[PDB]
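Asks:
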Amino acid sequence: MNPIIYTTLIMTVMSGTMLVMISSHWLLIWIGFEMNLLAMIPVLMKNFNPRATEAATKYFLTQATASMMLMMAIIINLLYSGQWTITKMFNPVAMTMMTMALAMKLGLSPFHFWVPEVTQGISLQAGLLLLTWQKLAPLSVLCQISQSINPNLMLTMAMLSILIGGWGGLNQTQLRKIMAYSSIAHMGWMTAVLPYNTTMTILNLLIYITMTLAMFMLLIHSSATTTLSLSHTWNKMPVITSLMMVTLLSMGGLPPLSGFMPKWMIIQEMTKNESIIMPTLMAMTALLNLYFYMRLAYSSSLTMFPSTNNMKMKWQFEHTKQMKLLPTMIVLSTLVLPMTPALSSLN
Amino acid sequence: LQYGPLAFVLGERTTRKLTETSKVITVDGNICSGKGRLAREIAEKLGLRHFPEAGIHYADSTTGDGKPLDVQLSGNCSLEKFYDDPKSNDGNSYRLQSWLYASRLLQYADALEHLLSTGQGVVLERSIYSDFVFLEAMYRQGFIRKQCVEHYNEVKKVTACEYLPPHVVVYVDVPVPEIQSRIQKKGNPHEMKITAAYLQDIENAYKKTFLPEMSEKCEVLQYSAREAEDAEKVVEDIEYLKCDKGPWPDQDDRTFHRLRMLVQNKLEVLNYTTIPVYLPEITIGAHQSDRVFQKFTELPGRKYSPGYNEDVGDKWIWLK
Amino acid sequence: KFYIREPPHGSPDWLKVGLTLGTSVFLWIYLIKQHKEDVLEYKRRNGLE
Amino acid sequence: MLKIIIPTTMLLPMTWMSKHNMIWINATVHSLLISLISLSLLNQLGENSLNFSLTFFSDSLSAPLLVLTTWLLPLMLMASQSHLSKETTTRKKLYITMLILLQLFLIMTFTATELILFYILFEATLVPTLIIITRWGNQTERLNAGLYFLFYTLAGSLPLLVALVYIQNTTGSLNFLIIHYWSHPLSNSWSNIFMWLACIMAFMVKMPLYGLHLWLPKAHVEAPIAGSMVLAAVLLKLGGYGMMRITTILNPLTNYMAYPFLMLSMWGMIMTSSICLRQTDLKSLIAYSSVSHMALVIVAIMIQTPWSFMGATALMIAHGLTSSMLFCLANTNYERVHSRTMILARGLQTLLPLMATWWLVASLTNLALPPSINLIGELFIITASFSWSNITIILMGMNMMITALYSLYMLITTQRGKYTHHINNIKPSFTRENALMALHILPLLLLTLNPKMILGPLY
Amino acid sequence: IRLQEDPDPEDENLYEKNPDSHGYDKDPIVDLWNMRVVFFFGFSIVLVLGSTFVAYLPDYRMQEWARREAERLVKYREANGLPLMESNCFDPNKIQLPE
Amino acid sequence: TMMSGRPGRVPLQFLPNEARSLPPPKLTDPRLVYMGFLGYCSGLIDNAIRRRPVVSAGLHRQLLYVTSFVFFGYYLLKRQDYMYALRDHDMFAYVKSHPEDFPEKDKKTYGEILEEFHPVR
Ligand SMILES: CCCCCCCCCCCCCCCCCC(=O)OC[C@H](COP(=O)([O-])OCC(O)COP(=O)([O-])OC[C@@H](COC(=O)CCCCCCCCCCCCCCCCC)OC(=O)CCCCCCCCCCCCCCCCC)OC(=O)CCCCCCCCCCCCCCCCC
Ligand SMILES: CCCCCCCCCCCCCCCCC[C@@H](O)O[C@H](CO[C@H](O)CCCCCCCCCCCCCCC)COP(=O)(O)OCC[N+](C)(C)C
Ligand SMILES: CCCCCCCCCCCCCCCCC[C@@H](O)O[C@H](CO[C@H](O)CCCCCCCCCCCCCCC)COP(=O)(O)OCC[N+](C)(C)C
Ligand SMILES: CCCCCCCCCCCCCCCCCC(=O)OC[C@H](COP(=O)(O)OCCN)OC(=O)CCCCCCCCCCCCCCCCC
Ligand SMILES: Nc1ncnc2c1ncn2[C@@H]1O[C@H](COP(=O)(O)OP(=O)(O)O)[C@@H](O)[C@H]1O
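Chains as they are written, first to last, in our numbering: chain A, 1 to 347; chain B, 1001 to 1320; chain C, 2001 to 2049; chain D, 3001 to 3459; chain E, 4001 to 4099; chain F, 5001 to 5121.
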C-alpha cells in the first residue's frame, strides 16, 4: 500500500468518526459509520494473506448488519416522531434496535466472537486502531442517546461481556486474542456504568485506551505475537518485559495503579444509585482478567524461559524504529491515580 | 535523513536509481572451488561490490567495531569441532548450520539494502538459497536429525519467502577426487578430515535439487574449473542473457519501497530465526543465557546505543 | 572512531537541541506570565486589591 | 508523618544512585536512622490520638506497628545481603526498591486517617510482595504461592471496597474520627449482616482465619527470607489493625455475628498446633505457629473487651518479632545445607553453640515464657476469654500445651542429638547472622521491661 | 539432554578467601565497614539512645496527673462526708427521660 | 450526563470567562509537582527504552517533558477547580430555591434524645 493512500485512509476513518461525534442528524451519523467502515476495511487488509482476508470479510459482514439494523431503528423512530435530531428516542422498539446495533458494533456479548476472530486475523497495528477507534465512535453515540437506554438490557449485555471476556482470556494463548477478550471485558464495564454517568464512561474509555495503546506498542516493539515469542524478550531487552509487567498489573485493576481508578469510580457511581449486587459481581469477575494477565506476566517478566542461539545476533543488532508517545502512555497507564479528581475536568 | 514513508513521499524512488548493472549477482558454487576467486574477478570486471562469504564473525563484523567477538558471545559453534567430531552429542553441527544460515540471511539483507540504496550490483559467494545443500549433506551422513531438518525448513520458509531470488548458479563443477586433492594440497588438517561421502552429498544436492530449482527462476551458468579460469567468458555470458525471468521485471516502486523498509531493519530481518521451537541443539538454558547476556553487556562498546558509550569515547551525552 | 559505521546519533542534532531548549523556555515564560495575569485578574474581580 | 514518609522516598534515589558495593551499607545505615526517627511516635497521649493533618494521624495502636516496620526493614536488608551475593547490581537495587516501597506503603497504611485511603494502601502492599515472592523465590511452587496469595487477598478485599463506598454514601464520611463520634447502632437485618460479612471477611482473609489460611503456608514456605520476614511480622497485622479499626461501626451486630468466627479461630488454634506437631518442614512449622497466634488475636478482637485489645496488640507485636527471628534462624540453617527438611541436619548445638543459644531463646519466647510480652498478650486474651465464657480456658490451656510441645520438639530435633555424619559444610556462624539474631531478640526483652508502650490505646 | 545449560556451581565460602570475614561482603574492607556501621548504628544508637529516650519520654498519658487528681478528689470527698464515687456520671437534672 | 446542557455553556471551551474569578493554582502546588514528577519519570522511561544513560542523557528532552507536563497540569487544575466551584454554586442555588425540599430540623441534645444501650459481654 502506498504511504499516501494509507494516510488518506487513516484520515478518512478519523474523519468518519469525527463526523459521527459532531453530527446532530441521524442520517449524518449513519453516513459517518458507513465511511468509517469503508475506509477501515483496507487497513485490515493491508498485509495481504488469507487470514487477513477472512477477518476483513467477517468484520464487513458484522458491521454491515449492524448498520442495517441502525438505519432500521432510525426509520422506525422517524415514523413515530418525525424527528431526525439525535435525542431521547421516542419509540421503545427503535431504541432496542439501536441498542442492539451499537452493541454489535462495539463487540458486547453475545456479539463478541468477531472481536477475537478479526483481532487474531489482523496485525498488531490494525488491531490497535480497530479496538481504539471502532470502540470510540459507538460509545459516543450511546452517550448521546444514554437517557433512553433500557437499563435491564444494557446491564445484562455488560455483565455477559465481562463474564465472556474473563473466560475467553482464561482459555486463550494468543496475545491478540487475549487483547480482544480484555477489550470485551472493559467495554462491558463501560456499558455497565453508561446508564448512570457518561462522565465515568468517558473516564473508563480514556484509561482503557491509554493502557491498550501502551500494551500494543510494547508488543510491537518486542515483535511478539504469542506467549512463547514474548518469553524470549527478557534475553534481548529486559526493560520492555518489566514495563509490560507493570502495564499488565495496571490493566488488572491492582492498586495503586491507574487501572484501579475506573473500577473504583464505576463502583462508587453504581452504589450511589442503590445498586450493590451488580458492582459486587463486576468486581469479583475481574479476577479472571487479572488471572490471565498474571499468567502472561509469569512467562515474560517474573521467570526466565529458555532462549535460542541466534539471540546473540539479536543482541549484536539494535532496534531502529522509535515508537511515538510510548513512555508517555506507559506513565499515564500506571501513575495517574493521585490525579483522579480531574474527572471533573472531563465532565 | 533515514529512508521511510516521508522520503518515499518526497520522491526517493528505487527504480530511478536502478540501472542495467543493478543486479544481485549471487554466484552459487561448490566447496573448495575457485568460486571465491571467480566472484572477486566478476565483481571487479562488472564494477559490482563483492561480499565475502558470510560467517560467525561476519555477523560480528557489521556491528560495533569490525573486530570479531568471542565464540562464546557470538555463534557458540565452531567449524573445527564439526570437522573433528561431526556426530558429537552437543548438537554443534546443527547449531553451526543454523548460525550460518542466519549469517547468510543477514548478508543477503545487507546486499539488498546496498543495491537498493546505491544502485550498484552485488556479488555473493553463497546465499541462503543454496545453503540447504550443507543441511542435506549433514542429514544424509546422519550428523543432524529429522527434527533439525524440519526446523531448518520452517525457518527457511518463513524467512526467505520475502526476498528476491538470486541471479546465477555459477556451478564450478569440480570432481570429488579433485576436491580432495585440492584439500590435501591446502594443508588444513580440519578440512583434511572431511570424508568423500560428505563432499559427494553436497554435489548431489546441488545438481539434483538446487540446479533444477533455480533453472526455472533464472538462467544457470555452469562452468568447469578450466572454464571458470577464464572469467572474461563468464562475464560475457552474464551480459548476454536477457529475458523476462524472475519477479524483477514486475517489481514496482511501492514493492521496492516495502523491500527497502524490510531490509533496512535488521531485527525485522532476523525475526523468525528465533522461533520458539525447543530443539536440544539450539535451546539455551535460562542461567547460561542470563550469564552470556551479562557478559555481552559487559563488552566495551555495547552497553548502550552506539552514540551513548562514554568508555569508547562518546561526548555530548547529556545533549544527545 | 570506534564504530566502523557512523551511528545515526553520533553527533548532536543542534537544530533539535535548540528547538527543545527554546520550546521549554517559551513554555515556562508563557506559563509564568499567564499565572501573573490570572492572579491580577482574580484580585481585580474579587476586589481584594 | 511526612518527617518519616519523605526519608523513604529519599531512600529510593539514594539506593539507585549509590555505588555497586555500597548499596547495602547505605540502605542499612539510613534505614536504622529512619527507625530512630520513627521512635518519637511512641509519645502518645491518653485521651485522643495525634492528628498531624487531615490525611495522617498516629494512635497508640499505630505507633508500635510503625516502629516495628521501620525496625524490620534493615533486618530484611541484612538477610538479603545474606542470600543475594551473586545477583547483578540492577537486580539487587530492584530488590531493595521493592523492600523500600513495601515499607513506605505499610507506613502510609498504618497512618492513614480514612478507610478508603487505608484500603488503597493496604491493597497496594500486594504488588511488591507478589513481585518479591514470584521473582526471587528459590523453588517451583513460588508462582502457585503468589497466585494463591494474591487471589485470596483480592477475593477477600473487593466486597470491603463495595461496603466502604456504600458506607460513605450512606453516612457522609469515611474519616475514622467522624465515624467514631457519629457512630450509630447497626440493626439486625440481612443487609447489615452482609455489610458486616463483607468488612470482617476481608480482614479475616487477610488475618488469616482458619479455613482461609492455605495461602499462608504456600507463600511463606516459597518466599525468600526477606519476603517471609515481612509477610509474617507486619503484613499479617494489617487484618488485625483493620478489625480493631473497622469494628467501631459494626456494633451491636458484632455481638451476634462473632460466634462462627470465634469457634473457627479456637478450633483452628487447636488444629494448627496439632499440625505443627507433625511437620517435616521447619518453615511450615513456623507458618502454622503464626496461624495459631493470629487465630488467638482474632478471638481477642471478636470478643472485643478492653482487656482483649491490649492483649491483641501486645501479642501482635510479640508474634511479629518472634516469627521474624524464627524465620531468620531457619533460613541460616537452610543456607548451610540447602534443604528445608527438619530431620536432615542434627547436632547443631554441638556444631554451632551460639546459634543453639539463639534457637533456645527464640523457642522460649515462642512458647510464651514469662514475663515476655508474648505471655502478657496471651494471658490478657485468656483472661478476657474466660470472662466471656468458662470453656475458652480449656481450649486455651490445651492450645498452650501443644504450643510448648511443638516449640520444644523443633528445638530438640534441630539442635540436640547426634550430628549428621555426611554433612561437612557447616561453617562457623557469621557475625552478620549473630547480629541479626541479637537485633531481633533484644527489643523483645526491652519491651518486656517497658510493656505499656505496646498495650494499645485502651491502656 | 534438552538444553545447553550451565552446571550448578559450587557454593563459595567467604572464610576461604578471607578468614576474618564478617559475612557481609566478599571485599574485606567493605565487609569490615559494613559490620562496623551496622554494629555502631543499630546497637549503640538505636538500642541505647532509643531505650533511654523511651524511658524518659514525658508523661503525656497523664498517669501521674490522674493519680494526683484522684488523691485530691478522695481527700475532698471523705473530708466532707460525700461518697467517694458518684452514683451517676451525668446529672439527672440535665437528663430528660421520655415520658 | 449532569453538567452538559447547563444554560450558558459555550461548546468546545476549555475555560470560560467566568472561570477567571477563581484563585489560580499556585505554581508550588503539590499537584503541579506531581505532574512534573510524572514528566521526569516519562523522560527516564524514554531513556531506558531507547537504551541511553537513564539519569544523564537527554537533559534537554527531559526538561521538555517536565515543562509540557507542568503546563498541561496547570491548565487541567484550573479547569477542575472551575468545575467544582460551578457544582457547589449550583448546589447552593438549588438548596436556596427549594427550602421545602431542604428543611431545617430540630436539634435535640443527647440529654433529650433516647438511644438504646447494648452491653458488650
Ligand atoms: C523522589 C523519589 C521518587 C521515587 C519514584 C518511584 C517510582 C518511579 C517510577 C518511574 C521509574 C522510571 C525508571 C526508568 C527505568 C530505569 C531502569 C534502570 O536501569 O535504571 C537504572 C538507572 C541507571 O542505570 P543504567 O546503567 O542507566 O541502566 C542499566 C540498564 O537498565 C541495564 O540494566 P538491566 O537491563 O540489566 O536491568 C534488568 C532489569 C531492567 O528492568 C528495569 O530496570 C525495570 C524497573 C522498573 C521500571 C518501570 C517502572 C514503571 C512504574 C512502576 C510504578 C510502581 C509503583 C511505584 C510507586 C512509587 C511511590 C513513590 O530487569 C530485571 O531485573 C528483570 C526483573 C524485573 C522485576 C520487576 C521490576 C519492576 C518492578 C515494578 C515497580 C518498580 C517501581 C520502582 C522503579 C524504579 C526504577 C529506577 O538509574 C535510574 O534510573 C535511577 C532513577 C532514580 C534516580 C534519578 C536521579 C536523581 C538524582 C537527584 C535526586 C533528588 C531527590 C529529590 C528531588 C526529586 C525530584 C524528582
Ligand atoms: C542479665 C540477664 C538478662 C536476661 C535475664 C533478665 C533478668 C532480669 C534483668 C533485668 C535487667 C534490667 C533491670 C534494671 C532496669 C533499669 C531500667 C528500667 O528501670 O527502666 C525501664 C525503661 O526501659 C526502657 O523503657 C525500655 C525501652 C524499650 C523500647 C526500646 C526500643 C529500641 C528500638 C527497637 C525497635 C523495636 C520495635 C518493636 C516494637 C516497638 C522501665 O521504665 P521506668 O522504670 O519506668 O523508667 C524510669 C524513668 N522514669 C522514672 C523517668 C520514668
Ligand atoms: C490517562 C488517561 C487520560 C489521558 C489524558 C489525555 C487525553 C486527551 C486530552 C486532550 C485535551 C485537549 C484540550 C484542548 C481543548 C479541548 C476543548 C474541548 O475539546 O473540550 C473541552 C474540555 O473537555 C475535555 O473532554 C476535557 C479534557 C480533559 C483532559 C484530561 C482528562 C483527565 C481525566 C482524569 C484522568 C486522571 C488525570 C491523569 C493526568 C492527565 C470542552 O468540552 P465541551 O464541549 O465543552 O463539553 C462537552 C463534551 N463532552 C460531551 C465530551 C463532555
Ligand atoms: C499531542 C502529541 C504531542 C507529541 C509531541 C512529541 C513528538 C511526537 C512523538 C515523538 C516520540 C515520543 C518521544 C520523543 C522524545 C524522544 C525522541 C527524540 O529524541 O525526540 C527529539 C525531540 C526534540 O524536541 P523538539 O523537536 O524541539 O520538539 C518540540 C518541537 N516544537 O524531543 C521531543 O520532541 C520531546 C517531546 C516530548 C513530548 C511528550 C508528550 C507530550 C506531553 C504533553 C503534556 C500532557 C500529557 C498528557 C496527554 C496529552 C494531553 C494533551
Ligand atoms: N552451511 C554450512 N554448513 C557447514 N559448513 C559450511 C557451511 N557453509 C560453509 N561451510 C564451511 O566453510 C568452508 C568454506 O570454504 P571455501 O570458502 O569453499 O574454501 P575456498 O576459499 O578454498 O573456496 C568450507 O570448508 C565449509 O565446510
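Every residue gets a Cβ at the ideal spot worked out from N, C-alpha and C, and that includes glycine.
1. Taking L3073(D) as the reference, which of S3053(D), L3042(D), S3038(D) and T3055(D) has the closest Cα?
2. Would the segment 1032-1043 of chain B count as touching the segment 1059-1071 of chain B if we require 3 or more Cβ pairs under 8 Å?
3. Just to confirm the assignment: which complete alpha helix (DSSP H) runs, minimum length 4, are found wholly within the segment 161-221 of chain A?
4. Roughly how many angstroms lie between the CA atoms of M278(A) and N204(A), to the nearest whole one?
5. With DSSP run on the structure shown, which of helix, strand or coil describes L3050(D)?
6. Whose C-alpha, out of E5112(F), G5111(F), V5095(F) and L5114(F), is nearest the C-alpha of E5104(F)?
7. If you reduce the DSSP assignment to three classes, tell me which class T53(A) lands in.
8. For the segment 4002-4014 of chain E, list every residue whose C-beta sits within 7 Å of some C-beta in chain B, in sequence order.
9. Between the alpha carbons of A5048(F) and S299(A), how many angstroms are there, rounded?
10. When you compare only the Cα positions, how much space is there between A1197(B) and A1228(B)?
11. Comparing the CB of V246(A) with every heavy atom of ligand 1, is any distance shorter than 6 Å?
12. Which of the residues in the segment 5089-5113 of chain F, read from start to end, lie with their CB under 7 Å from any CB of chain E?
13. With 16 as the cutoff for other CB atoms within 10 Å, does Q1294(B) come out buried or exposed?
14. Taking Cβ positions, are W1318(B) and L5064(F) nearer each other than 7 Å?
15. Give me the chain B residues within the contact set of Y2042(C), using Cβ-Cβ distance strictly less than 8 Å, ordered along the chain.
16. State yes or no: is the C-beta of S3363(D) within less than 7 Å of the C-beta of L3411(D)?
17. Buried or exposed: which applies to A4070(E), given that a residue is buried once 16 or more other Cβ atoms fall within 10 Å of its Cβ?
18. Can you tell which of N91(A), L249(A), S301(A) and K314(A) has the C-alpha that lies nearest to the C-alpha of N289(A)?
19. Is DSSP giving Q4004(E) helix, strand or coil here?
20. To the nearest angstrom, report how far apart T334(A) and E1281(B) are at their CA atoms.
21. Restricting to runs no shorter than 4 residues, where is the alpha helix (DSSP H) found entirely within the segment 3206-3235 of chain D?
22. Cα-Cα, which of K3218(D), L3032(D), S3173(D) and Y3181(D) is closest to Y3288(D)?
23. Tell me, please, which residues DSSP counts as bridged to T3341(D).
24. Identify the continuous beta strand (DSSP E) that holds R1049(B) and give its terminal residues.
25. Just to check, is the beta-carbon of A342(A) closer than 6 Å to a non-hydrogen atom of ligand 3?
26. How would you call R1095(B), buried or exposed, if buried means at least 16 neighbouring beta carbons within 10 angstroms?
27. Is the distance from the Cβ of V1168(B) to the Cβ of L1221(B) below 7 Å?
28. Which residue's Cα is closest to the Cα of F3110(D): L3238(D), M3325(D), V3165(D) and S3265(D)?
29. On the premise that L3161(D) lies in contact with residue 2976(D), defined as a C-beta separation below 8 Å, what is that separation, rounded to the nearest angstrom?
30. If we cut at 7 Å on Cβ distances, does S2011(C) have a partner in chain F?
31. Could you tell me the distance, in whole angstroms, from the CA atom of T1283(B) to the CA atom of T308(A)?
32. Since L1124(B) sits in a beta bridge, which residues does DSSP pair it with?
33. Under a three-way DSSP split, which group does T5028(F) fall into?
34. Under a CB-based cut-off of 7 Å, is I267(A) close to chain D?
Replies: The answer reads as follows:
1. Residue 3073(D) sits at position 73 when you count from the first residue of the fourth sequence. That would be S3038(D), whose Cα lies nearest to the Cα of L3073(D).
2. no
3. 175-193
4. Taking the first sequence and counting its residues from 1, one reaches residue 278(A) at position 278. Taking the first sequence and counting its residues from 1, one reaches residue 204(A) at position 204. When rounded, the distance between both Cα atoms is 17 Å.
5. Numbered from its first residue, the fourth sequence carries residue 3050(D) at position 50. In this structure, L3050(D) counts as strand in the three-state DSSP scheme.
6. Counting from one through the sixth sequence, the residue named residue 5104(F) turns up at place 104. When only C-alpha atoms are compared, the closest one is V5095(F).
7. Taking the first residue of the first sequence as 1, we reach residue 53(A) at position 53. Helix at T53(A).
8. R4002, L4003, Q4004, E4005 and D4006
9. Along the sixth sequence, one-based indexing puts residue 5048(F) at 48. Along the first sequence, one-based indexing puts residue 299(A) at 299. Roughly 22 Å between the two C-alpha positions.
10. Taking the first residue of the second sequence as 1, we reach residue 1197(B) at position 197. Taking the first residue of the second sequence as 1, we reach residue 1228(B) at position 228. Going by the C-alpha atoms only, they are around 25 Å apart.
11. Looking up residue 246(A) in the first sequence gives position 246. Answer for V246(A): yes, Cβ within range of ligand 1.
12. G5111 and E5112
13. Position 294 of the second sequence, counted from the start, is the residue given in the question as residue 1294(B). The residue in question, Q1294(B), is exposed, as its Cβ has fewer than 16 Cβ neighbours within 10 Å.
14. As a first step, residue 1318(B) is located in the second sequence; it is residue number 318 there, counting from the start. As a first step, residue 5064(F) is located in the sixth sequence; it is residue number 64 there, counting from the start. For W1318(B) and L5064(F), no; Cβs fall outside 7 Å.
15. Here residue 2042(C) is taken as the residue at index 42 of the third sequence, counted from 1. Within 8 Å Cβ-Cβ: nothing; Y2042(C) doesn't reach chain B, min ~40 Å.
16. Your numbering for residue 3363(D) matches position 363 in the fourth sequence. Your numbering for residue 3411(D) matches position 411 in the fourth sequence. A contact, by the Cβ cut-off of 7 Å.
17. Within the fifth sequence, residue 4070(E) is the residue found at index 70, counting from 1. Its Cβ having fewer than 16 others within 10 Å, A4070(E) is exposed.
18. Along the first sequence, one-based indexing puts residue 289(A) at 289. Cα-wise, what sits closest to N289(A) is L249(A).
19. Position 4 of the fifth sequence, counting from 1, holds the residue named residue 4004(E). Strand.
20. The residue labelled residue 334(A) in the question sits at position 334 within the first sequence. The residue labelled residue 1281(B) in the question sits at position 281 within the second sequence. Answer to the nearest angstrom: the Cα atoms are 41 Å apart.
21. 3215-3222 and 3225-3230
22. Taking the fourth sequence and counting its residues from 1, one reaches residue 3288(D) at position 288. Taking only the C-alpha atoms, the option nearest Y3288(D) is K3218(D).
23. Residue mapping note: residue 3341(D) aligns to position 341 of the fourth sequence, counting from 1. Answer is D3281(D), bridged to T3341(D).
24. For the purposes of this step, residue 1049(B) is taken as the residue at position 49 of the second sequence. Per DSSP, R1049(B) belongs to the beta strand (DSSP E) from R1049 to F1051.
25. The residue you call residue 342(A) lines up with position 342 of the first sequence. Yes, since a heavy atom of ligand 3 falls inside the 6 Å radius drawn around the Cβ of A342(A).
26. Position 95 of the second sequence, counted from the first residue, corresponds to residue 1095(B). Under this definition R1095(B) is a buried residue.
27. Taking the second sequence and counting its residues from 1, the one referred to as residue 1168(B) is at position 168. Taking the second sequence and counting its residues from 1, the one referred to as residue 1221(B) is at position 221. Yes, Cβ-Cβ distance for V1168(B) and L1221(B) is below 7 Å.
28. By 1-based counting over the fourth sequence, the position of residue 3110(D) is 110. Closest option to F3110(D), Cα to Cα, is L3238(D).
29. Here chain D comprises residues numbered 3001 to 3459, so residue 2976(D) is not present and cannot be evaluated.
30. Here residue 2011(C) refers to the residue found at position 11 when the third sequence is read from its first residue. So, not an interface residue.
31. Locating residue 1283(B) in the second sequence gives position 283, where the first residue counts as 1. Locating residue 308(A) in the first sequence gives position 308, where the first residue counts as 1. The straight-line gap from Cα to Cα measures roughly 5 Å.
32. For the purposes of this step, residue 1124(B) is taken as the residue at position 124 of the second sequence. DSSP output for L1124(B) lists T1026(B) and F1051(B) as bridge partner(s).
33. Sequence index remark: in the sixth sequence, residue 5028(F) carries index 28 (1-based). Coil.
34. Against the first sequence, residue 267(A) aligns to sequence position 267. Chain D, which has a Cβ nearer than 7 Å to the Cβ of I267(A), makes this yes.
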